Amino acid sequence: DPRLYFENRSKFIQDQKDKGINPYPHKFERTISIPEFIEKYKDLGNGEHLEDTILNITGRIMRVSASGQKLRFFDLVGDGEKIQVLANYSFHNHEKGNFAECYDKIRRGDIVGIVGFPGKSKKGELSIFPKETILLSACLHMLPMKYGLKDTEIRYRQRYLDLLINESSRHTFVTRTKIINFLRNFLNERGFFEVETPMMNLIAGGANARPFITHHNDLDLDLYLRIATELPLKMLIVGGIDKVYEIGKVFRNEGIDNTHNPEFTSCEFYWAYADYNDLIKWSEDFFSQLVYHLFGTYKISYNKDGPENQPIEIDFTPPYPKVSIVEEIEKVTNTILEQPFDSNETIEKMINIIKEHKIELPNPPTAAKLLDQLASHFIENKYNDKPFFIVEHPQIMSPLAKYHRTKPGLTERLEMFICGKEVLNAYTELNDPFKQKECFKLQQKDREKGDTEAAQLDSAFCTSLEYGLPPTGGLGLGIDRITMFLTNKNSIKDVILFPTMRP
Amino acid sequence: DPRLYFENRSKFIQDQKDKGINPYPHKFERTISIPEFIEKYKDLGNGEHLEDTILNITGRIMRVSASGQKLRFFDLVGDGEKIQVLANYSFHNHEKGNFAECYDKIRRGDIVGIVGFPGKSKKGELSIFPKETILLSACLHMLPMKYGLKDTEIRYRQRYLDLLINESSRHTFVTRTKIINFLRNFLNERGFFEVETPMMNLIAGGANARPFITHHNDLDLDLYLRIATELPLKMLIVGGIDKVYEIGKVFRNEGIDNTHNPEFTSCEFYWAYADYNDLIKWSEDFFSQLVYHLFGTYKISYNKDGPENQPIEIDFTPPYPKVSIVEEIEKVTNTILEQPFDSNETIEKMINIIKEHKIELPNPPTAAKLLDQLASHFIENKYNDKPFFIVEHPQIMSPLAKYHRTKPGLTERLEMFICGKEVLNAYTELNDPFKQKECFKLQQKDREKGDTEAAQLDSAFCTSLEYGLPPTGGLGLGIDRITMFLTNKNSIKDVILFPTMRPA
Ligand SMILES: C[C@H]1CCC[C@H](C[C@H]2Cc3cc(O)cc(O)c3C(=O)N2)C1
Ligand SMILES: C[C@H]1CCC[C@H](C[C@H]2Cc3cc(O)cc(O)c3C(=O)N2)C1
Ligand SMILES: N[C@@H](CCCC[NH3+])C(=O)O
Ligand SMILES: N[C@@H](CCCC[NH3+])C(=O)O
């Protein structure tokens, strides 16, 4: 039946091309948008017409009805708002064609342009009253009904239908753009300078992830898509751009789930002469101010367990708690971790902690992977009422963070979590090139046991460190996850217009 | 020689560490920046000292001098600006360390923190007068001097050295960011909605270009890096986002030269219910307003032939000329190119023009590539002292542009050129799904002849069109080339922080 609908509508298009018409007119010159029309004529009175004011209006037909052969009613939508179309034979311009013939061909989904006047129906419904209605672009398929899209992957593979049908989706993506705008303005007002660094590099560094690989033909050179922006931005700090940032895509070649899309939008900034404490305060200020900006309050509700389940309240009122990674793992496990974290005493203790709690064993069982799994199991859901920081990660987990000024073995690192999900990662930057090559060599040793996601050594980066990187504080944001929490979405797929799908 | 210097300075660091001193302190709390200092104390009287005003300041030493063991002079730079440092034994805090011991070890390039007071030399030079100076981060290599970067690829391979040494580089990249901010605001003020579409797609469409390809391991799926943002943005128009745009990188897998970098920054916008004419007016409004915003005038100077030759003036006063591509090619070659343009007779005629003029023959010699080569050799430099549009391209060159409402075989398309280089490409959008499929079919015939840049059919896109794409006008800008002209650069490498280079 939809197949036959499509065939009949395609036949209509070809028949028009025969009869003479161009069924897709080039240009219709609109005088007012639908939101503007609503704003302007909202206050008309019941049944009042302004028959002398002729307006040119466009939009998409989303409902079709009739009352006899001389009254046609439509819903017309544009820019997320809707007016009524009231087509009365009494106002029809018969010089442009037979009334019935004009309106009988209009179908739900059709894009039209209307020459008419504003008014209210006898029931007070604000309407455009056409004197002529022109098909501008036909909808050749039947659109799904308001609720006939609910569980479908169609929302993600045919996002335009979702945007037409599900009123909330447009609101979600508006909020996403507002969040990004707020962030860009927040940084620009603080003296920060926005740049673009390469998406493709000889080495994909600045995080611990498996990269995408591609090939430039003319240079005959394999290139890696970036997993982070950290290394070139620090190079720009050496260059004297003392407050610098970048908002754009990065790429990680791993699994897809509700909180992972293979390309995702990050913001990283580098702030010369800042440190860990400045970054804690920046995070608290930014998040409290963003939430207040959007919602006029610091507390929001979030359906963590889905729309059909009870929601929780997340309080963004600062300050947020800070939990030190090592000693919280020590309390939770009831164990005490070792002096050198790589010690086979420590490694065995961590493996046996994972086994004593039936936690999945990482492979290879590197000290860093073990600490990470322990953290995700014993800490990352310590709070759901409030965001919170996991801090003071060991140097073993943090090859680019500066060593802690008073806690040997640890670094001045912070990660903010919302509802168990990481949205922020930041630290006092490691800037002694002699310790940095050290960390890179330890990472190469980890790669010598099967650690694929361990970052490769970047020689250009190390040379730049040798020219003097001032003490600096750097921070990264996960934009998509932030948007998920601020739009009440459970899946990253609901905040990305075209998420990566199984084909 | 540079190896010996780096050797000695690495040893200096190690020795500092042995002796307990940490040469990379964790945190120095600064009171004021160098530009803020310069603004704040600019009206200080010559010779005046504010000993009552202790400030913490940071920067990079860029010049070392002395008058001997009791006066040390330095240049200190930050955020592209510079002050003098006048370290006087008389003002040294001796309880924190020995004066000569502290200042003897400072080297050009070192990042320092200074506790001291502001003042002016008797000759009027704004200076910080240290009571204490702390090394924060040493420079272990000799920095090149003021004119040391002239013609090397050091500027492109170590951009940070370029940004430190050549003041003009920072100006260029500041202007780049200003141009993009201006564009974003220009569009947002007009109701436009910024979005992000995927960098990786099952089919790379939206332009005629060779793509990069990569693989997603977990899904075991080959993907193409996007060559344009056009197709998903039009899908968003179908979805009802009637003014939509994207600024970001796209990727093309072809040769590198002065106007081609394998990744470059484009802006594409889609404007429901607009057409070719609105897009011409938009282009004239945007370029004239951008230039006036940056320069306070509509006329700029551009060294088309490099710094050693006279520049030309480019006048961005609108309106700009419009040159119909087929008509201009016919006038220049004194030919008639009868339709259909991809007929065997017209292809042979075009090939014969190309051979008669010793122009290089496109491979394969499709009708569209022959048209493009004729235009490249014959008409794209018709104007140099002003931008201009080449308009009304044939359908066979323009598979996504709407058939021209009064000139059969052509489309409602415009490209803007500056000094022979394309910076803008726009048209009334093709919104008939049946015609769209026909166009993809033709492009595929060319693909089968060997055109690795012809567009491949995207059925998902054609399906979106079957739900009704309103009449729409779309436009793309090449941000990097625009920035080249507005910063007086001859190479795209001068407006990209880290341009793609052949490995060393
Ligand atoms: C810049 C950085 C700072 C805060 C933590 C984020 C992790 C990042 C991890 C990740 C992996 C992946 O394969 C796909 C994804 O979408 C994400 C994601 O959203 N966040 C981002
Ligand atoms: C969006 C579009 C609109 C106007 C024409 C520009 C062409 C585009 C062509 C190109 C190819 C390449 O492989 C490397 C490059 O840098 C460029 C470039 O800079 N501009 C961009
Ligand atoms: N590169 C980090 C974000 C910034 C960390 C601080 N320099 C990440 O991918 O998690
Ligand atoms: N996608 C085009 C720019 C937009 C043309 C108008 N839809 C290009 O890459 O040149």
Side-chain angles (χ1 to χ4, degrees), chain A residues 80 155 162-163 166 168-187 189-190 247 257-261 264-267 269 279-307 309-323 376 379-391 414-426 475-497 499, chain B residues 193-196:
Chain A
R155 317 199 290 297
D162 182 59
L163 291 168
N166 294 321
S168 76
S169 278
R170 168 177 205 111
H171 298 330
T172 294
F173 289 101
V174 169
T175 302
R176 181 195 174 93
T177 287
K178 282 184 199 305
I179 287 167
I180 299 182
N181 291 341
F182 182 92
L183 169 61
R184 172 173 286 111
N185 298 334
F186 191 92
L187 289 167
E189 285 175 3
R190 276 149 187 90
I247 309 179
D257 58 24
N258 275 8
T259 54
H260 294 85
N261 191 75
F264 63 90
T265 298
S266 83
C267 181
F269 73 77
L279 296 170
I280 295 283
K281 169 167 199 296
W282 189 101
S283 305
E284 291 179 343
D285 289 341
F286 176 72
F287 273 88
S288 56
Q289 276 181 52
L290 169 62
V291 175
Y292 198 89
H293 176 77
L294 296 175
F295 301 93
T297 171
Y298 297 108
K299 313 180 179 199
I300 62 181
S301 68
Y302 178 69
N303 290 76
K304 178 173 187 195
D305 297 319
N309 287 307
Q310 205 154 284
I312 56 163
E313 187 184 79
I314 306 171
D315 181 7
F316 286 82
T317 305
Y320 310 147
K322 291 94 189 169
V323 198
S376 43
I379 303 195
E380 295 184 0
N381 279 282
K382 188 170 203 206
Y383 300 87
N384 282 179
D385 273 320
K386 56 194 65 193
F388 76 104
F389 295 104
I390 298 175
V391 312
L414 56 140
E415 297 178 315
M416 215 191 67
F417 284 76
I418 301 170
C419 292
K421 307 302 173 190
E422 184 180 0
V423 303
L424 191 154
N425 180 38
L475 181 152
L477 290 171
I479 295 302
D480 308 291
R481 290 177 180 183
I482 293 170
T483 303
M484 291 174 56
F485 291 114
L486 297 189
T487 52
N488 199 21
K489 292 306 154 81
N490 303 96
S491 171
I492 201 173
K493 294 187 179 72
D494 294 317
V495 301
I496 293 162
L497 288 163
Chain B
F193 191 71
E194 183 176 8
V195 296
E196 292 171 85

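Throughout, a chain's letter reflects where its sequence line sits, starting with A, and its residues are numbered from 1.
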Gap separating the [atom1] atom of [X] from the [atom2] atom of [Y], nearest 0.5 angstrom:
| X | Y | atom1 | atom2 | result |
| --- | --- | --- | --- | --- |
| A:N425 | A:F389 | CG | CZ | 11.5 Å |
| A:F388 | A:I379 | CZ | CD1 | 7.5 Å |
| A:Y302 | A:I312 | OH | CD1 | 8.0 Å |
| A:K178 | A:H293 | NZ | NE2 | 7.0 Å |
| A:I479 | A:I180 | CD1 | CD1 | 6.0 Å |
| A:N261 | A:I492 | CG | CD1 | 5.5 Å |

- Message: Applying side-chain contact (heavy atoms from CB on, under 4.5 Å) to A:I390 and A:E380, what does each step give before you reach the verdict?
- Response: CA-CA 8 Å; A:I390 298 175; A:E380 295 184 0; 3.8 Å; yes

- Task: Could you list all the salt bridge (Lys or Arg N to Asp or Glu O under 4.0 Å) pairs where at least one residue sits in residues 285-298 of chain A, not counting sequence neighbours?
- Result: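 As it turns out, the salt bridge (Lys or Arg N to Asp or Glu O under 4.0 Å) pairs with a partner in residues 285-298 of chain A, which skip direct neighbours, are A:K281-A:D285.
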
Minimum heavy-atom separation for [X] and [Y], please, with both atom names.
| X | Y | value |
| --- | --- | --- |
| B:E196 | A:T265 | OE1-OG1, 2.6 Å |
| A:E284 | A:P318 | CB-CB, 3.9 Å |
| A:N384 | A:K304 | OD1-NZ, 2.9 Å |
| A:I247 | A:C267 | CG1-SG, 3.9 Å |
| A:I314 | A:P387 | CG2-CD, 4.1 Å |
| A:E422 | A:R481 | O-NH1, 2.9 Å |

- Query: How are the rings of A:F186 and A:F286 set to each other: parallel, tilted or perpendicular (split at 30° and 60°)?
  - Reply: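 Aromatic pair A:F186/A:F286 classed perpendicular.
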
Check whether any side-chain heavy atom of [X] sits under 4.5 Å from a side-chain heavy atom of [Y], and report yes or no.
| X | Y | answer |
| --- | --- | --- |
| A:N490 | A:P307 | yes |
| A:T259 | A:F264 | no |
| A:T483 | A:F173 | no |
| A:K421 | A:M484 | no |
| A:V174 | B:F193 | yes |

- Item | Sole candidate of A:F287, A:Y298, A:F182 that passes ring pair (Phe, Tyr, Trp, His ring centres under 6.0 Å) when paired with A:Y292 |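 With A:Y292 as partner, A:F287, A:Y298, A:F182 yield a single ring pair (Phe, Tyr, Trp, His ring centres under 6.0 Å), made by A:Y298.
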
- Pick out which of A:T172, A:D494, A:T175 makes a side chain to side chain donor-acceptor pair (under 3.5 Å) with A:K489.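 It is A:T172, the one option of A:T172, A:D494, A:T175 that forms the side chain to side chain donor-acceptor pair (under 3.5 Å) with A:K489.
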
- Message: Under the criterion side-chain contact (heavy atoms from CB on, under 4.5 Å), I'd like the reasoning laid out for A:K299 against A:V291: C-alpha separation, chi angles, the key distance, then a yes or no.
- Response: CA-CA 8 Å; A:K299 313 180 179 199; A:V291 175; over 6 Å; no

- Would A:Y320 and A:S288 count as a side-chain contact (heavy atoms from CB on, under 4.5 Å) if you check the C-alpha gap in whole Å, the side-chain angles of each, and the deciding distance to 0.1 Å? CA-CA 10 Å; A:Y320 310 147; A:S288 56; 4.2 Å; yes

- Residues A:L290, A:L486; criterion side-chain contact (heavy atoms from CB on, under 4.5 Å); working and verdict: CA-CA 10 Å; A:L290 169 62; A:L486 297 189; 3.6 Å; yes

- Query: Which residues pass the side chain to side chain donor-acceptor pair (under 3.5 Å) test with A:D315, sequence neighbours left out?
  - Reply: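 With neighbours one apart ignored, the set is A:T317.
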
- Message: Restricting to side chain to side chain donor-acceptor pair (under 3.5 Å), what partner residues turn up for A:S283, sequence neighbours left out?
- Response: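 For A:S283, no residue satisfies side chain to side chain donor-acceptor pair (under 3.5 Å) once neighbours in sequence are set aside.
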
- Query: Can you check whether A:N488's main-chain N or O pairs, donor with acceptor, with A:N303's side chain at less than 3.5 Å?
  - Reply: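 Side chain of A:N303 to backbone of A:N488: no pair is present.
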
